[PDB]
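What follows is a single structure, written as structure tokens, with notes after it.
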Amino acid sequence: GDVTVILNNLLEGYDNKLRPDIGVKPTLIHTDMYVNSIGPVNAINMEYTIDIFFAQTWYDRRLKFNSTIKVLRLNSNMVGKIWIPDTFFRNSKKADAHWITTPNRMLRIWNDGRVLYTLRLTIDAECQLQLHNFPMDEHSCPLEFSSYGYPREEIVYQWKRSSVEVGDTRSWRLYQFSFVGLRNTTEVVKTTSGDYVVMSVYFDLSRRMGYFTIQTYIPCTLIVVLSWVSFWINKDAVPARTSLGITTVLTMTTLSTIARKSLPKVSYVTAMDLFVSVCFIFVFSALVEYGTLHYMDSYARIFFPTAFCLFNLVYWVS
Amino acid sequence: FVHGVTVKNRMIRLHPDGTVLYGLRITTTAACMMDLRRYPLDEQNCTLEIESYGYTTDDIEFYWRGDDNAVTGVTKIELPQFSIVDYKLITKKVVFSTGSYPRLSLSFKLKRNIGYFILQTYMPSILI
Amino acid sequence: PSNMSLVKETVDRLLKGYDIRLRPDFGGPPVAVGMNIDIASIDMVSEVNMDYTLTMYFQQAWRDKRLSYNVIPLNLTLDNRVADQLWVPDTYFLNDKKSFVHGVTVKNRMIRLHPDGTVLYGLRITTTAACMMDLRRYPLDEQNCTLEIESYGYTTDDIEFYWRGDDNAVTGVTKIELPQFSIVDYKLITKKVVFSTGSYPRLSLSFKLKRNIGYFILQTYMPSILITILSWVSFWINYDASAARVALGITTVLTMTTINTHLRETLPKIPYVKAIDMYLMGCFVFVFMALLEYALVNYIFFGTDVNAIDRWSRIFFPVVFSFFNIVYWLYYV
Amino acid sequence: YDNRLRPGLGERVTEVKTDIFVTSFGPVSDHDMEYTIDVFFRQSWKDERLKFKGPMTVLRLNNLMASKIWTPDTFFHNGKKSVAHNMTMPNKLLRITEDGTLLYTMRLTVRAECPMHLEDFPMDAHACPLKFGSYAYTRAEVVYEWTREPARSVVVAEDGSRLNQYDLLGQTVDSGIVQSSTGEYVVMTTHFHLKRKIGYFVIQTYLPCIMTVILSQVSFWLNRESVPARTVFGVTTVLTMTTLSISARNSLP
Amino acid sequence: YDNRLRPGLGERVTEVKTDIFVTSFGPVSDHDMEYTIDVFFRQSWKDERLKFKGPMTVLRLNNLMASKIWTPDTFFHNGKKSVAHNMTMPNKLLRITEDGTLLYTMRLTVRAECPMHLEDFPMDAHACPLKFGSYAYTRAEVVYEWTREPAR
Amino acid sequence: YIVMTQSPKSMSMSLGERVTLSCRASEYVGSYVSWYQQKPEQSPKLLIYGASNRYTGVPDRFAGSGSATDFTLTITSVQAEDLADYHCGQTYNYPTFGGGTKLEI
Amino acid sequence: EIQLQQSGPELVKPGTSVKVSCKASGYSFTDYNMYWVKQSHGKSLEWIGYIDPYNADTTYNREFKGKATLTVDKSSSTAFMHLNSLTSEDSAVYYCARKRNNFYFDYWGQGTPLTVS
Ligand SMILES: *[C@@H]1O[C@H](CO)[C@@H](O[C@@H]2O[C@H](CO)[C@@H](O[C@@H]3O[C@H](CO[C@H]4O[C@H](CO)[C@@H](O)[C@H](O[C@H]5O[C@H](CO)[C@@H](O)[C@H](O)[C@@H]5O)[C@@H]4O)[C@@H](O)[C@H](O[C@H]4O[C@H](CO)[C@@H](O)[C@H](O)[C@@H]4O[C@H]4O[C@H](CO)[C@@H](O)[C@H](O)[C@@H]4O)[C@@H]3O)[C@H](O)[C@H]2NC(C)=O)[C@H](O)[C@H]1NC(C)=O
Ligand SMILES: *[C@@H]1O[C@H](CO)[C@@H](O[C@@H]2O[C@H](CO)[C@@H](O[C@@H]3O[C@H](CO[C@H]4O[C@H](CO)[C@@H](O)[C@H](O)[C@@H]4O)[C@@H](O)[C@H](O[C@H]4O[C@H](CO)[C@@H](O)[C@H](O)[C@@H]4O)[C@@H]3O)[C@H](O)[C@H]2NC(C)=O)[C@H](O)[C@H]1NC(C)=O
Ligand SMILES: *[C@@H]1O[C@H](CO)[C@@H](O[C@@H]2O[C@H](CO)[C@@H](O[C@@H]3O[C@H](CO[C@H]4O[C@H](CO)[C@@H](O)[C@H](O)[C@@H]4O)[C@@H](O)[C@H](O[C@H]4O[C@H](CO)[C@@H](O)[C@H](O)[C@@H]4O)[C@@H]3O)[C@H](O)[C@H]2NC(C)=O)[C@H](O)[C@H]1NC(C)=O
Ligand SMILES: *[C@@H]1O[C@H](CO)[C@@H](O[C@@H]2O[C@H](CO)[C@@H](O[C@@H]3O[C@H](CO[C@H]4O[C@H](CO)[C@@H](O)[C@H](O)[C@@H]4O)[C@@H](O)[C@H](O[C@H]4O[C@H](CO)[C@@H](O)[C@H](O)[C@@H]4O)[C@@H]3O)[C@H](O)[C@H]2NC(C)=O)[C@H](O)[C@H]1NC(C)=O
Ligand SMILES: *[C@@H]1O[C@H](CO)[C@@H](O[C@@H]2O[C@H](CO)[C@@H](O[C@@H]3O[C@H](CO[C@H]4O[C@H](CO)[C@@H](O)[C@H](O)[C@@H]4O)[C@@H](O)[C@H](O[C@H]4O[C@H](CO)[C@@H](O)[C@H](O)[C@@H]4O)[C@@H]3O)[C@H](O)[C@H]2NC(C)=O)[C@H](O)[C@H]1NC(C)=O
Ligand SMILES: CCCCCCCC/C=C/CCCCCCCC(=O)O[C@@H](COC(=O)CCCCCCCCCCCCCCC)COP(=O)([O-])OCC[N+](C)(C)C
Ligand SMILES: CCCCCCCC/C=C/CCCCCCCC(=O)O[C@@H](COC(=O)CCCCCCCCCCCCCCC)COP(=O)([O-])OCC[N+](C)(C)C
Ligand SMILES: *[C@@H]1O[C@H](CO)[C@@H](O[C@@H]2O[C@H](CO)[C@@H](O[C@@H]3O[C@H](CO)[C@@H](O)[C@H](O)[C@@H]3O)[C@H](O)[C@H]2NC(C)=O)[C@H](O)[C@H]1NC(C)=O
Ligand SMILES: CC(=O)[C@H]1CC[C@H]2[C@@H]3CC[C@H]4C[C@H](O)CC[C@]4(C)[C@H]3CC[C@]12C
Ligand SMILES: Cc1ccc(-c2nc3ccc(C)cn3c2CC(=O)N(C)C)cc1
Ligand SMILES: *[C@@H]1O[C@H](CO)[C@@H](O)[C@H](O)[C@H]1NC(C)=O
Ligand SMILES: CCCCCCCCCCCC
Ligand SMILES: CCCCCCCCCCCC
Ligand SMILES: CCCCCCCCCCCC
Ligand SMILES: CCCCCCCCCCCC
Ligand SMILES: CCCCCCCCCCCC
Ligand SMILES: CCCCCCCCCCCC
Ligand SMILES: CCCCCCCC
Ligand SMILES: CCCCCCCC
Ligand SMILES: CCCCCCCC
Ligand SMILES: CCCCCCCC
């Protein structure tokens with residue numbers, strides 16, 4: 001055919017190991033992304049999964065051809081035959097391309113020398129979540145990538161006009177957060193091997209607390225009301241009062257343990273930890289109130305709900 | 001493993017003199033036996049034992065290029081559970097029945113963050 | 001070293017001009033591929049994934065005129081890498097979920113060329129075969145788990161399967177020692193499964209595992225029986241002791257339902273009711289009826305005869321529970 | 001033969017008559033909002049280059065010839081970590097008919113993404129999709145089709161259901177186009193309609209909840225003078241309710 | 001060189017002298033009745049085809065030459081799923097002595113099956129086996145042996 | 001099989017006005033619902049394929065629409081050539097056709 | 001272009017079989033299935049069956065199962081429908097359609113009127 005001869009001519013005398021314009025000028029690469037879906041944000045492991053269609057285009061004077069054919073649209077077969085930039089993701093704990101049924105890669109070659117190379121990736125990017133206030137935490141999770149071995153003088157990156165072709169967010173597995181937006185940056189990081197141009201995409205995610213309300217906040221408020229109801233029970237009922245108080249505080253301890261299990265292992269008190277601590281204070285105070293009463297009730301009947309509501313207002317407004 | 005997206009995370013750079021700069025982005029689950037007798041007040045020491053497998057000291061020789069600048073990025077490591085107090089670079093020669101081989105040891109003296117266990121473990125026991 | 005050169009020449013002739021893309025007797029009668037298994041172990045028989053991990057020495061023997069030699073009298077056992085240069089049947093396990101040939105030290109493969117042309121090709125395969133289990137009588141259930149060896153690309157017009165050695169093809173099943181199962185029986189079946197692409201040969205190796213009940217007495221049945229007997233203690237406490245009897249009742253009921261939920265959470269989310277579920281719900285009926293018996297006693301008193309109700313319960317609850325056990329165990333065992 | 005060019009390049013549009021035989025509809029993971037399905041994914045297409053005439057009309061071969069010739073780069077749009085089975089050999093078949101038609105079947109375990117709206121859980125039904133199409137070739141180069149009638153082109157094996165808490169009511173197929181900055185791509189969609197079986201949750205959460213509320217209402221028959229008994233009756237039931245709610249949320253993402 | 005043919009094929013049994021150096025006896029997974037072990041699985045054998053004369057009496061090479069020559073198809077009978085570590089490079093050493101002797105060691109993580117009779121648990125002791133041998137070659141083709149005293 | 005129902009048995013409209021012909025499918029048919037035009041003593045002629053895709057050589061005034069079971073064929077401006085019997089047929093299952101709407105003046 | 005020529009109109013007594021042809025010239029005959037549609041005067045189009053010419057694989061409607069037999073001549077590139085045990089209701093106009101793909105029938109036959117009396 002007329003296309004097979006073009007490919008044979010292009011690959012004839014083609015050094016796959018050499019980048020375009022090596023020793024001449026840095027190779028400008030324009031990268032674009034289609035964020036198919038931001039997968040689950042694993043706050044416990046400080047990582048999140050993202051599925052993308054990563055596209056990168058560059059000019060290669062070796063891959064230029066003049067003929068009636070305008071483009072050479074090719075599958076993954078030709079990806080390994082020509083020079084592809086060694087773009088790796090700096091904050092990817094583990095990433096893998098898609099191979100079923102065939103490798104999910106595309107490669108198009110224009111007459112001038114444009115080489116649009118796209119592939120589908122599933123990156124388990126590392127987002128350094130700072131959950132000092134949880135579950136109201138808002139995170140700007142990045143996704144960096146750069147050439148692994150080619151310094152700034154040999155491979156330069158740049159963002160095409162279309163910033164990021166983010167897909168429809170309805171089908172995303174992002175249950176915890178809501179995708180607020182995207183923002184791109186391009187900075188020259190210095191390291192031991194040289195200076196490398198790094199392009200980073202920050203996805204801004206804002207947490208939703210509805211599941212945490214029905215999961216943690218509501219049970220703790222209900223058990224605090226269970227602590228409250230002890231006051232209306234007659235003071236003479238020593239076993240009843242003591243039983244209600246102990247059941248309340250012990251199940252509060254259990255609820256605190258499971259709520260902390262939801263969180264990762266981090267050494268700082270969070271907002272949920274503050275709320276459960278205040279609930280501890282309330283239930284323990286009710287038990288001690290009956291302890292001192294046996295060894296006043298109406299004052300507690302007012303102070304406990306009012307203190308809890310005022311603390312709720314102060315805590316929630318923050 | 002070595003990461004392989006979008007391509008195998010590997011670098012080769014030939015310098016004019018002959019030096020071959022060779023880099024790999026590596027994730028290692030390294031074994032670290034922990035003496036948890038003082039846990040959670042424990043200062044664990046975990047090591048990475050770099051060694052040549054088939055080449056003895058008569059054939060290969062290791063060294064940290066830069067006496068202590070050969071290992072960087074340790075300070076920026078914000079480990080959620082531990083605090084990296086110190087780290088050392090050691091060069092030795094371990095002897096097996098097959099021969100003597102060069103060894104590099106990268107040791108981190110991690111320290112446990114007591115606050116998380118104070119809030120999680122110690123405080124419930126104290127209140128109980 | 002002369003015989004080494006002779007064998008090198010023979011194997012070089014065998015591999016010279018060998019079309020791996022074409023099966024033996026291509027454009028001819030189907031090649032008879034005999035099979036024989038050596039069950040190394042059966043492990044991880046888990047109902048949560050509805051699968052079982054089977055490690056086996058899977059041997060296939062098939063004639064191949066292209067691999068026939070007559071100069072050398074001995075049988076040539078070649079390095080396993082030669083399997084990559086030889087045609088082998090494209091067999092697969094239709095219910096396999098995750099399989100692998102063992103890696104160390106080398107690829108666990110065996111290739112043995114016989115002078116007549118027979119090829120003995122062996123693999124050490126660890127396969128997580130899918131076994132859809134009927135847990136209706138669990139844990140007193142027999143599970144019929146199968147391995148379905150089939151030729152993927154070659155129809156019955158191009159390949160045939162048979163258990164080489166008939167019932168003696170599969171060995172080592174008796175030596176298997178499952179932790180909670182007893183392999184009471186195993187069977188070998190030869191079928192011809194028809195798909196839209198054609199009719200393919202099939203070998204079904206089916207094990208009828210029988211679940212050991214001893215562990216479930218220790219962890220499942222005996223604790224619930226003891227909790228029911230404990231709930232019976234409330235009948236021996238006078239009706240005035242409201243706190244004691246109520247605490248005994250609610251503690252027993254809550255522990256019973258907690259036991260049921262904790263056990264069922266480990267198992268998959270099957271809709272139907274199991275035998276262990278049947279027993280647990282039956283004993284929950286007994287303990288909840290003990291609590292409601294105290295409730296009736298309290299209502300009848302506050303809202304001689306009440307001692308009559310308490311005494312009749314004191315003897316009828318163990319008797320009715322024993323008859324429930326009789327019916328249940330007779331039906332299920 | 002050039003493996004890098006599709007059949008009829010520059011003169012035709014490569015029509016691939018795909019087909020699915022669901023060997024087993026694997027378990028549905030509501031936590032991951034995905035589902036597993038093992039299929040005999042068959043594709044068929046005309047390739048004039050692979051035209052022959054010999055003693056036999058159809059050449060049944062193995063995967064080695066499949067790798068040597070052009071095959072469509074079909075991928076699943078909502079696929080997530082699928083595996084092409086390889087034991088014992090690559091589970092693929094290639095069949096070159098003398099006219100040039102190729103029948104290329106592969107055994108796959110595709111873990112497709114099924115976005116579920118769990119608003120009516122557990123009395124909920126989900127239409128789990130499975131969309132597939134060419135990755136590199138636009139609608140002007142590779143077009144997909146159902147080999148049989150669309151209703152009869154996705155067949156599910158009778159004794160293949162591996163579902164525990166779901167019921168495969170049926171499947172419905174369709175064909176459409178995906179717009180992209182890269183181009184227009186033909187997509188074959190098939191929705192498997194699953195209905196969750198409420199049986200497990202009746203005896204796991206609904207029955208415990210009903211018995212707990214009846215247990216709490218038992219306290220209305222105890223005498224009012226017995227304060228500890230009814231107090232423990234209430235507090236133990238509320239604590240049981242909290243535990244039930246927490247243990248019921250973990251069954252879902 | 002035909003790496004598909006074992007040394008002395010049709011003339012002699014291939015004497016393989018093997019020894020094990022346990023770098024670390026891994027944790028015992030009594031739940032799965034299995035244990036992990038990390039070993040320098042050394043095995044040496046004579047090979048007349050690999051005789052040479054030169055300035056060095058020992059050719060100390062890498063795994064690439066190990067792939068090029070015949071090596072025994074040793075496998076662990078009770079191994080479940082082992083790992084042949086290959087980072088940074090295949091952790092194997094291959095040394096050819098001038099007389100034709102080969103020393104071929106390799107770092108392995110064998111996860112082997114250890115059937116436990118837990119009647120006296122937790123006050124119980126076990127003898128976890130580590131069996132290995134040729135997968136394809138019978139006793140008349142290759143025979144294994146300990147390079148030193150069996151105790152040592 | 002799938003039964004196709006044509007709601008307008010016979011529609012009478014003047015020249016140059018919007019007209020919509022409906023089509024109902026008993027079961028799911030997806031986008032496999034074609035429309036055909038058949039003049040008297042003549043074979044059917046395909047106009048709309050898929051659900052809204054316009055067949056080649058068809059005037060732009062024809063427009064199809066429909067997702068699942070409700071399908072409509074709309075003529076923006078009826079011309080003298082647009083007076084014939086219009087059929088809707090489904091190819092999701094074995095082929096079936098509707099009664100056939102006839103356009104009059 | 002594509003042209004489907006059918007046999008001319010004919011009249012036959014009840015109980016006598018009849019065959020109707022369908023000749024295609026524009027395209028390669030074996031690539032696409034050939035369908036047969038019956039249309040009685042004033043009634044809806046009714047599908048009889050279709051034949052896959054390459055392997056001659058046939059599928060029939062339940063109503064016409066046994067009433068009609070579909071055959072093919074690849075060398076002549078013709079599709080034949082054979083009707084047997086004809087009755088009064090069998091009088092209708094028959095078309096042969098070419099199914100381009102799952103969506104539409106591309107080219108229809110000119111039409112073979114059938115009458116019985
Ligand atoms: C230590 O040992 C391990 C194994 O124990 C080695 O890891 C293996 O390395 C080999 C060689 O590099 C890999 O083979 C390659 O696999 C490519 C696709 O792999 C996918 O499928 C396999 C299953 O077969 C999965 O295991 C993979 O997933 C794992 O690997 C990826 C990284 O690749 C990780 O990110 C994952 O997390 C997993 O860990 C993948 O899902 C396959 O395409 C490739 O074959 C192409 O390239 C060769 C090069 O010679 C060509 O000959 C061949 O024809 C193919 O080329 C075609 O396709 C490319 C696709 O772009 C086109 O560009 C070409 O033009 C042409 O069309 C190769 O077979 C193997 O996957 C990997 N993992 C295993 C075996 O589990 C380590 O490398 C080794 N060393 C070190 C230092 O660790
Ligand atoms: C975590 O735990 C590891 C244990 O593995 C600690 O590593 C040890 O660290 C100590 C101190 O840094 C090392 O001790 C060293 O001993 C050397 C002598 O032995 C080696 O000698 C030559 C090199 O000269 C080698 O070829 C040979 O094979 C021996 O291995 C000294 O040379 C070292 O330097 C200094 O030693 C003394 C004082 O210690 C000075 O007077 C000398 O002048 C010299 O400058 C050093 O002392 C030890 O080898 C390490 N490995 C072990 C014990 O296995 C880590 O330190 C620990 N983590 C942290 C953070 O401390
Ligand atoms: C290369 O490999 C070949 C093939 O294995 C070897 O030749 C076979 O060696 C086996 C030894 O196990 C022979 O098997 C024995 O055959 C006896 C006669 O059986 C005849 O009828 C059967 C009917 O099916 C034929 O298959 C068979 O070929 C014979 O024609 C049997 O009486 C034996 O039965 C029992 O023997 C012992 C106990 O005595 C048991 O341990 C056995 O398990 C079995 O129950 C036995 O079956 C066989 O006859 C040989 N020829 C073949 C198979 O054609 C070569 O020896 C080998 N060369 C080497 C290693 O150098
Ligand atoms: C699914 O399962 C199938 C099983 O069929 C696997 O397919 C086999 O995979 C192996 C490993 O990749 C292939 O082995 C390869 O063989 C090539 C050809 O070997 C011959 O030719 C060379 C010279 O060209 C001779 O040296 C050799 O002795 C043979 O005569 C080799 O060229 C390959 O070499 C590669 O690996 C070696 C490993 O040591 C490297 O050193 C090389 O540099 C090179 O990278 C390799 O050995 C085998 O051919 C495949 N087919 C078959 C039929 O076995 C699939 O890999 C597996 N997975 C998938 C996804 O399909
Ligand atoms: C685990 O569960 C699987 C279920 O899939 C069981 O596999 C099936 O087992 C049954 C019984 O073994 C198979 O059914 C039939 O077995 C017959 C055995 O021969 C008996 O019957 C014949 C005829 O009645 C008698 O003449 C003879 O003396 C024996 O008494 C086969 O002969 C049958 O084949 C015949 O019938 C079929 C169907 O009509 C025909 O197609 C055949 O050509 C032939 O004429 C038949 O095979 C059944 O085939 C097995 N597979 C299935 C159902 O898929 C396992 O047995 C079970 N294992 C354990 C350990 O529990
Ligand atoms: C059909 C066969 C079925 C088979 C099942 C057999 C079921 C049968 C079992 C029925 C239960 C036995 C009690 C029946 C009598 C109760 C009534 C009573 O109070 O009687 C007397 C006391 O009661 C006793 O004498 C106590 C003897 C039983 C105590 C056993 C405890 C051992 C626990 C071991 C558990 C360890 C668990 C080990 C784990 C497995 C006196 O009553 P009274 O107050 O004086 O009133 C009468 C006077 N009046 C007449 C004037 C009113
Ligand atoms: C710890 C508790 C122990 C207690 C022991 C006591 C013993 C209790 C015994 C329990 C019976 C055990 C049943 C197991 C079988 C599973 C359920 C089932 O199959 O339902 C099926 C019917 O669908 C429904 O039933 C839903 C309707 C609601 C049922 C709940 C009503 C609550 C009554 C409120 C009243 C409150 C009281 C009012 C105030 C006084 C659904 O099953 P499926 O899977 O989806 O499949 C389809 C159906 N199929 C199976 C036929 C094909
Ligand atoms: C993603 O990255 C791209 C490239 O870095 C960002 O687009 C760039 O945005 C700047 C500022 O808006 C543009 O500069 C301005 O251009 C306008 C129009 O020509 C001109 O009037 C101004 O004076 C100024 O020069 C820049 O042109 C544009 N890049 C391109 C290629 O057009 C984009 O904003 C980033 N997306 C984010 C941050 O969400
Ligand atoms: C008179 C009497 O014996 C009393 C003793 C205990 C009482 C039951 C407790 C649980 C109640 C739950 C709901 O309120 C419905 C009624 C309900 C079943 C009650 C019926 C009447 C009983 C049996
Ligand atoms: C920057 C960029 C933009 C688009 C692509 C892309 N190329 C294809 C080819 C095929 C299919 C199905 C999807 N492709 C997508 C992703 C897309 O556009 N979707 C999901 C709507 C790649 C890179
Ligand atoms: C391609 O050919 C055209 C016409 O022959 C010519 O004008 C153009 O310069 C050529 N381009 C090359 C050789 O790169
Ligand atoms: C699990 C928490 C137990 C109670 C901890 C109380 C200590 C104070 C925590 C809040 C400090 C702001
Ligand atoms: C007692 C009421 C608790 C909830 C109060 C919520 C107040 C609204 C805060 C919204 C953010 C400013
Ligand atoms: C469908 C099976 C429902 C079984 C319900 C539990 C039966 C318990 C019987 C207790 C007898 C005292
Ligand atoms: C729900 C009330 C349960 C009462 C059980 C009583 C059992 C013994 C009855 C004897 C009557 C005299
Ligand atoms: C289980 C049903 C018991 C019915 C008892 C009726 C009691 C009526 C009130 C007068 C005596 C308490
Ligand atoms: C006192 C009797 C209580 C019930 C005894 C259990 C019977 C088990 C039968 C087992 C089947 C053989
Ligand atoms: C030390 C625990 C609280 C004790 C309070 C008792 C009443 C004064
Ligand atoms: C005597 C105190 C009455 C309490 C009023 C309600 C407070 C929530
Ligand atoms: C930063 C350390 C915080 C420790 C937890 C608060 C004290 C219980
Ligand atoms: C790391 C500082 C821990 C603070 C402990 C506070 C005890 C209430």
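Order determines the names: the first chain of the structure tokens is A, the second B, and so forth; residues in each chain are numbered 1 upward, and ligands are numbered 1 upward as they are shown.
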Nearby residues, ligand 11, 8 Å, only C-alpha atoms and all ligand atoms, as a PDB file with N, CA, C and O atoms, in the first residue's frame:
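Result saved to result_2.pdb:
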ATOM      1  N   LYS A  64       8.450  13.197   9.459  1.00  0.00           N
ATOM      2  CA  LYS A  64       7.735  14.079   8.550  1.00  0.00           C
ATOM      3  C   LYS A  64       7.674  13.432   7.176  1.00  0.00           C
ATOM      4  O   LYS A  64       8.649  12.829   6.717  1.00  0.00           O
ATOM      5  N   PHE A  65       6.515  13.542   6.533  1.00  0.00           N
ATOM      6  CA  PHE A  65       6.285  12.900   5.250  1.00  0.00           C
ATOM      7  C   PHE A  65       5.370  13.777   4.414  1.00  0.00           C
ATOM      8  O   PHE A  65       4.455  14.413   4.944  1.00  0.00           O
ATOM      9  N   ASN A  66       5.622  13.805   3.111  1.00  0.00           N
ATOM     10  CA  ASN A  66       4.819  14.570   2.165  1.00  0.00           C
ATOM     11  C   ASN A  66       4.118  13.600   1.223  1.00  0.00           C
ATOM     12  O   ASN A  66       4.775  12.808   0.539  1.00  0.00           O
ATOM     13  N   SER A  67       2.793  13.669   1.190  1.00  0.00           N
ATOM     14  CA  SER A  67       1.973  12.798   0.354  1.00  0.00           C
ATOM     15  C   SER A  67       0.539  13.302   0.437  1.00  0.00           C
ATOM     16  O   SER A  67       0.239  14.265   1.149  1.00  0.00           O
TER      17      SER A  67
END
Would you list the residues that come within 9 Å of ligand 17? Count only C-alpha atoms and all ligand atoms and give the answer as a compact mmCIF listing (two decimals) with N, CA and C atoms, in the first residue's frame.
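Written file, result15.txt:
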# COMPACT_ATOMS: atom_id res chain seq x y z
N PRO C 318 -36.75 -26.60 78.84
CA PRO C 318 -35.73 -27.58 78.43
C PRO C 318 -36.29 -28.73 77.61
N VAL C 319 -37.51 -29.18 77.89
CA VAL C 319 -38.09 -30.30 77.14
C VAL C 319 -38.37 -29.88 75.70
N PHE C 321 -37.00 -27.40 74.12
CA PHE C 321 -35.72 -27.16 73.47
C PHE C 321 -35.06 -28.47 73.05
N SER C 322 -35.15 -29.50 73.89
CA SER C 322 -34.58 -30.79 73.53
C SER C 322 -35.30 -31.40 72.33
N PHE C 323 -36.62 -31.24 72.27
CA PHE C 323 -37.35 -31.74 71.10
C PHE C 323 -37.04 -30.93 69.85
N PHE C 324 -36.81 -29.62 70.00
CA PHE C 324 -36.34 -28.82 68.87
C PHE C 324 -34.99 -29.32 68.39
N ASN C 325 -34.08 -29.63 69.32
CA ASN C 325 -32.80 -30.20 68.93
C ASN C 325 -32.97 -31.54 68.24
N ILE C 326 -33.87 -32.38 68.75
CA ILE C 326 -34.11 -33.68 68.14
C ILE C 326 -34.56 -33.50 66.69
N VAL C 327 -35.57 -32.66 66.48
CA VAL C 327 -36.10 -32.45 65.14
C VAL C 327 -35.03 -31.87 64.22
N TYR C 328 -34.31 -30.85 64.70
CA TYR C 328 -33.31 -30.17 63.88
C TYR C 328 -32.19 -31.11 63.47
N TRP C 329 -31.58 -31.79 64.45
CA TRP C 329 -30.45 -32.65 64.14
C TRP C 329 -30.87 -33.86 63.33
N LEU C 330 -32.06 -34.41 63.60
CA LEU C 330 -32.56 -35.52 62.79
C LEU C 330 -32.77 -35.09 61.34
N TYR C 331 -33.33 -33.89 61.14
CA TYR C 331 -33.55 -33.41 59.78
C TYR C 331 -32.24 -33.13 59.06
N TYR C 332 -31.26 -32.54 59.75
CA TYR C 332 -30.05 -32.09 59.07
C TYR C 332 -28.94 -33.13 59.06
N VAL C 333 -28.77 -33.89 60.14
CA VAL C 333 -27.74 -34.93 60.15
C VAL C 333 -28.27 -36.18 59.46
As a quick test: using only C-alpha atoms and all ligand atoms, which residues lie no more than 10 Å away from ligand 21? Give them as a ChimeraX atom specification.
/A:267-268 /B:112-119,122-123
Store the residues of this selection in a file with C-alpha atoms, as a short mmCIF file (atom, residue, chain, number, x, y, z; two decimals), in the first residue's frame.
data_model
loop_
_atom_site.label_atom_id
_atom_site.label_comp_id
_atom_site.auth_asym_id
_atom_site.auth_seq_id
_atom_site.Cartn_x
_atom_site.Cartn_y
_atom_site.Cartn_z
CA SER A 267 -0.86 12.53 65.91
CA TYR A 268 -3.10 15.57 66.21
CA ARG B 112 7.09 7.07 67.59
CA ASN B 113 4.70 10.01 67.95
CA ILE B 114 3.22 9.48 71.40
CA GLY B 115 0.33 11.92 70.95
CA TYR B 116 -1.78 9.65 68.75
CA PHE B 117 -1.61 6.83 71.31
CA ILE B 118 -2.16 9.31 74.15
CA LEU B 119 -5.44 10.35 72.54
CA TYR B 122 -3.82 6.05 77.06
CA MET B 123 -6.64 8.57 77.57
#
